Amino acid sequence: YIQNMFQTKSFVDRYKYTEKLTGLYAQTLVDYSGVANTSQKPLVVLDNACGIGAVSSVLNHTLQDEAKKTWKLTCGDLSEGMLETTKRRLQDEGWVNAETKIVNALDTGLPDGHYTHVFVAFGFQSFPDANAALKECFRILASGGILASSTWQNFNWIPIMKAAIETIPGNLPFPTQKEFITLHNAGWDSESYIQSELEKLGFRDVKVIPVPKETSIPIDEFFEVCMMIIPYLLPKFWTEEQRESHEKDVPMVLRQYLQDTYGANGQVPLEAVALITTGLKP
């Protein structure tokens, strides 16, 4: 009877606000992958852990019409709710030769040596076991295929949430950005770790590039990002008594902190570094 966070309607519904954060790097990942000017043809592409379609959307806006005539795009995710949203986007944006499909990154069910490109945009730090997913990526890539991934190194949004939580009486705990980033898998916030892991599996020409981004978003949108994340952290970081005393106050505390800090009509400055990784399957 246990739920997976990513399958819950409330999570999926707020994810459009969170995609303003992951989406900072969708163009980066597509462009760094070389998919727009590769020799590989036709293209056979997997957007693995596609979410609500950030990478797929960029692909459909970036690739030549001629390339889309012959490609096949598979938008894969474990979450039925994520794919339902992606399906609507696929229709609304008019993606060509694209399909949604349930794909478990740890056990894809997809054929050996099938894809010219596998994209994993902010998936590896969310999977139960990143390295098992990475092995699947290697398996399903064709000879000459490219893996392109984005993972987080640093960001300011967890620290902003922490600062808000620190305005509640009781000295309540909250993760550091590093603790949050490595909740499921360590290493994917380190260039050297990633380089070594891909090379150990047999990927070649491995490149891992840290890319800084800064933008801003309205306080009301940022509130939704916080409300998506914080409820899943509290059972891990707070006691039962702390939750009984303070969990119901978190939304008010967040509103007050954001208004007080950034202004009632203000914008929250988002700052991140993601690791953009590419590797070739020989």
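Each residue number is its position in the shown sequence, starting from 1.
As listed in the deposited structure, the average C-alpha B-factor of 31-39 and of 52-60 is greater for 31-39. Relative to one another, 255-263 and 16-24 have unequal mean CA B-factors, and 16-24 is the one with the higher figure. Highest CA B-factor among the listed residues (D189, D107, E179, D77): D107. Taking only the listed residues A163, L73, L201, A121, the entry reports the highest CA temperature factor at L201. For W152, the recorded CA temperature factor ranks within the lowest third of the chain's modelled residues. Annotation for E240: CA B-factor lies in the middle third of the chain's modelled residues. The deposited CA B-factor of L46 belongs to the lowest third of values across its chain. Ranked against the other modelled residues of its chain, the C-alpha B-factor of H246 as given in the entry falls in the middle third. In the PDB entry, a CA B factor belonging to the highest third of its chain's modelled residues is recorded for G94.
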